[PDB]
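Number of protein chains: 2
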Amino acid sequence: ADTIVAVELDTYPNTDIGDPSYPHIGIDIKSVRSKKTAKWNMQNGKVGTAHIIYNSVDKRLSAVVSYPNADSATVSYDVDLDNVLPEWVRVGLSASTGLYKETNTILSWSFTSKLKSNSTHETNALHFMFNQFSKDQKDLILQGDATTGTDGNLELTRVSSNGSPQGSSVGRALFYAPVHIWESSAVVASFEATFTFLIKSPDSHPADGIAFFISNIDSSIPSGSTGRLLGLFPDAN
Amino acid sequence: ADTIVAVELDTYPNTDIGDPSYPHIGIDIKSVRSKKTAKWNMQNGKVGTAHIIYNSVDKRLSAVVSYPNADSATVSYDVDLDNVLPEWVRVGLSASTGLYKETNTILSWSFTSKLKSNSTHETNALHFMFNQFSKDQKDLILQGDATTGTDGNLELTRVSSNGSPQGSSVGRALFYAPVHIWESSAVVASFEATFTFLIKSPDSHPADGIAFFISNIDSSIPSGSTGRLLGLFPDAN
Ligand SMILES: [Ca+2]
Ligand SMILES: [Ca+2]
Ligand SMILES: [Zn+2]
Ligand SMILES: [Zn+2]
Numbered sequence: 001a002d003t004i005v006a007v008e009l010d011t012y013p014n015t016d017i018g019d020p021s022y023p024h025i026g027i028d029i030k031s032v033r034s035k036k037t038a039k040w041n042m043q044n045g046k047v048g049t050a051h052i053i054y055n056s057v058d059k060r061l062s063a064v065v066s067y068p069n070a071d072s073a074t075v076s077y078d079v080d081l082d083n084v085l086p087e088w089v090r091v092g093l094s095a096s097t098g099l100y101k102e103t104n105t106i107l108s109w110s111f112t113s114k115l116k117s118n119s120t121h122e123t124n125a126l127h128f129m130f131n132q133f134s135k136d137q138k139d140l141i142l143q144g145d146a147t148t149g150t151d152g153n154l155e156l157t158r159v160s161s162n163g164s165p166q167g168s169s170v171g172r173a174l175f176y177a178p179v180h181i182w183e184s185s186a187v188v189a190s191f192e193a194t195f196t197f198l199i200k201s202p203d204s205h206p207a208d209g210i211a212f213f214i215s216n217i218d219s220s221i222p223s224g225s226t227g228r229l230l231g232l233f234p235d236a237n
Numbered sequence: 001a002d003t004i005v006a007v008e009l010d011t012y013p014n015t016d017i018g019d020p021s022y023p024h025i026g027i028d029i030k031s032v033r034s035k036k037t038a039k040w041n042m043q044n045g046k047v048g049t050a051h052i053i054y055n056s057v058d059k060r061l062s063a064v065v066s067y068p069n070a071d072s073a074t075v076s077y078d079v080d081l082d083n084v085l086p087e088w089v090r091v092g093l094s095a096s097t098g099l100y101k102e103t104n105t106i107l108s109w110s111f112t113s114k115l116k117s118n119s120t121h122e123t124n125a126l127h128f129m130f131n132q133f134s135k136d137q138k139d140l141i142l143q144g145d146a147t148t149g150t151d152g153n154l155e156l157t158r159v160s161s162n163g164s165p166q167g168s169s170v171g172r173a174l175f176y177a178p179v180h181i182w183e184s185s186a187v188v189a190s191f192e193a194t195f196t197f198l199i200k201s202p203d204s205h206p207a208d209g210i211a212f213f214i215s216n217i218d219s220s221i222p223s224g225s226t227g228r229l230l231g232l233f234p235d236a237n
């Protein structure tokens with residue numbers, strides 16, 4: 001299986017597999033059984049403002065999720081990405097639905113890494129700022145049943161029957177270019193993101209959650225990940 | 001023939017095909033016969049600092065090269081990047097030699113595009129800063145006989161014959177990810193570069209020049225390019 005680390009914005013409560021009793025933010029290390037969880041308000045179709053940092057000088061993997069006039073979902077778990085995730089990786093978005101409906105529309109996504117030639121020897125980058133996901137964006141390897149375009153949006157669902165998001169569908173948004181990590185040139189790459197989303201209510205008690213993974217450079221939708229496995233993990237342990 | 005726009009840092013006069021009697025910085029629009037040239041000093045084994053911009057607030061395609069304690073060769077030619085070059089490109093580096101030897105070591109490279117999602121509203125980017133070319137740099141699509149690693153260097157010659165780099169060698173260094181240009185969301189894509197090279201004196205009239213192109217998304221070595229075709233042109237037209 002592909003070694004994969006995500007920050008799950010899960011919306012279906014799974015006290016079966018370690019998701020808490022409430023719709024939560026979660027931080028996954030090679031398992032859907034997460035490390036930290038936090039209560040999240042989860043307003044309806046509104047805007048998005050999520051954020052991820054991992055500064056190896058502080059070695060925390062923090063995150064927030066902010067609506068307007070809401071609060072931050074601090075889910076900072078202490079994990080070292082030295083040994084738990086491969087040398088060259090492939091960041092991207094993951095979304096899913098199953099037996100319910102919920103909207104998985106991304107409106108903008110960004111990134112910035114800064115990785116240590118010899119710390120003050122002019123660290124590298126892979127910054128990008130996709131605010132305007134177009135129709136034929138050919139630097140994305142969107143897998144699954146994910147689509148793009150039709151507005152400035154990233155529609156990570158089979159959609160548009162009045163947007164009614166067509167349950168049991170999986171969508172991924174793998175970015176095209178790799179990122180050097182392992183430690184090896186040490187791992188101070190404070191890789192930032194911004195994860196603006198719009199989880200609109202279909203009036204259905206909406207629940208299956210969006211993610212933000214960091215996979216291996218080779219991946220797929222492994223053997224069925226529609227549902228509580230949430231788009232990227234093969235196994236529920 | 002792939003559509004390609006390059007900045008020849010030509011270290012050899014090619015009077016048969018329009019290169020001037022002096023070694024020169026150049027500029028190319030689907031042509032090894034350059035639009036505009038300027039005198040370049042072409043020092044021995046030293047370092048580097050080149051820089052290429054195209055801001056459509058002024059629509060000038062500029063290029064400057066400066067050693068430390070040397071001058072700058074502004075070779076700016078107004079050309080309309082609207083129609084002369086496709087929507088999606090694959091930028092990179094190109095260097096070659098033939099019947100005379102020269103070292104074409106690149107030791108750092110950057111790029112920074114900024115194209116108008118909606119002019120104020122948070123334009124896109126592709127900033128990277130490769131100061132630490134590794135032995136197994138898997139985000140380069142280095143073609144031909146390009147080598148890398150063994151130091152912090154990008155050796156675009158078959159090298160290590162005591163730095164006498166095995167004449168009629170050629171090697172390209174295409175970056176891994178595409179860039180949106182054509183117009184469509186108009187063409188303020190102020191792509192930057194920083195192109196610190198090293199051209200070692202072989203005691204052999206160092207010659208055949210390094211390039212920096214903006215090609216088609218599909219490319220290779222065109223029909224043999226060890227020489228006047230400078231690594232990226234099929235024909236002398
Ligand atoms: Ca769930
Ligand atoms: Ca030439
Ligand atoms: Zn969860
Ligand atoms: Zn020339």
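Protein chains in written order, with the entry's author numbering: chain F, 1 to 237; chain E, 1 to 237.
Where a beta carbon is used, it is the ideal one built from N, C-alpha and C, also for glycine.
- Only exposed fits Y22 (chain E), as fewer than 16 other CB atoms lie within 10 angstroms of its CB.
- Chain order gives the chain E residues near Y176 (chain F) as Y176, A177, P178, where near means a beta carbon separation below 9 angstroms.
- At a cut-off of 7 angstroms between beta carbons, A70 (chain E) makes no contact with chain F.
- Chain F has no Cβ within less than 7 angstroms of the Cβ of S190 (chain E).
- Residues of the segment 137–156 of chain E with a C-beta atom less than 9 angstroms from some C-beta of chain F are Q137, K138, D139, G152, listed in chain order.
- For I106 (chain E), the three-state secondary structure derived from DSSP is strand.
- Flagged as an interface residue toward chain F: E122 (chain E), by a C-beta distance shorter than 7 angstroms.
- Contact between the segment 21–38 of chain E and the segment 201–221 of chain F is absent, with fewer than three C-beta pairs closer than 8 angstroms.
- The Cβ atoms of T103 (chain E) and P165 (chain E) sit closer than 7 angstroms to each other.
- Judged by DSSP in its simplified three-state form, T112 (chain F) adopts strand.
- One Cα belongs to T105 (chain E), the other to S204 (chain E), and the distance between them is close to 17 angstroms.
- For ligand 1, residues qualifying as neighbours are F:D10, F:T11, F:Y12, F:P13, F:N14, F:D19, F:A207, F:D208, F:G209, F:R228, F:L230, where qualification means a beta carbon closer than 7 angstroms to at least one of its heavy atoms (chain order).
- Unbroken alpha helix (DSSP H) stretches of 4 residues or longer found wholly inside the segment 171–228 of chain F: none.
- In the structure shown, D78 (chain F) adopts extended strand secondary structure according to DSSP, grouped into three states.
- When Cβ-Cβ separations below 7 angstroms define contact, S66 (chain F) makes no contact with chain E.
- Apart from sequence neighbours up to five positions away, the residues of its chain that approach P20 (chain E) with a beta-carbon distance below 6 angstroms are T37, ordered along the chain.
- Chain-order list of chain F residues neighbouring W88 (chain E): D136, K138, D139, by C-beta distance under 9 angstroms.
- For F175 (chain E) against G92 (chain E), the beta-carbon gap comes to about 5 angstroms, under 8 angstroms, which counts as contact.
- Cβ proximity to chain E below 9 angstroms picks out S108, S110, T112 from the segment 91–112 of chain F.
- Contact annotation: the segment 72–79 of chain E does not touch the segment 139–152 of chain E, with fewer than three C-beta pairs closer than 8 angstroms.
- The C-beta of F128 (chain E) comes closer than 7 angstroms to at least one C-beta of chain F.
- Each residue's CA atom was taken as its position, placing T49 (chain F) and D80 (chain E) some 38 angstroms apart.
- Going by DSSP, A63 (chain F) is part of the beta strand (DSSP E) stretching over 60–66.
- Between the beta-carbon of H51 (chain E) and that of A193 (chain E) there is about 6 angstroms, and that keeps the pair under the 8 angstroms contact cut.
- Here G92 (chain E) is bridged, per DSSP, to E:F213.
- Under the three-state reduction of DSSP output, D71 (chain E) falls in the coil class, being neither helix nor strand.
- Counting only Cβ-Cβ distances below 8 angstroms, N131 (chain E) has contacts in chain F at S117, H121, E122, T123, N124, in chain order.
- Ranking E:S201, E:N41, E:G152 by CA distance to the CA of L9 (chain E) puts E:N41 first.
- Judged by their CB atoms, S190 (chain F) and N83 (chain F) are not nearer to each other than the 7 angstroms cut-off.
- Here the segment 126–136 of chain F lies against the segment 125–135 of chain E, with 3 or more beta-carbon pairs under 8 angstroms apart.
- Cβ-Cβ separation between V159 (chain E) and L85 (chain E): approximately 31 angstroms, too far for a contact (criterion under 8 angstroms).
- Relative to ligand 4, the beta carbon of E8 (chain E) is positioned inside 6 angstroms of a heavy atom.
- Where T37 (chain F) is concerned, the enclosing beta strand (DSSP E) starts and stops at 36–39.
- Here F133 (chain E) is not bridged, per DSSP, to any residue.
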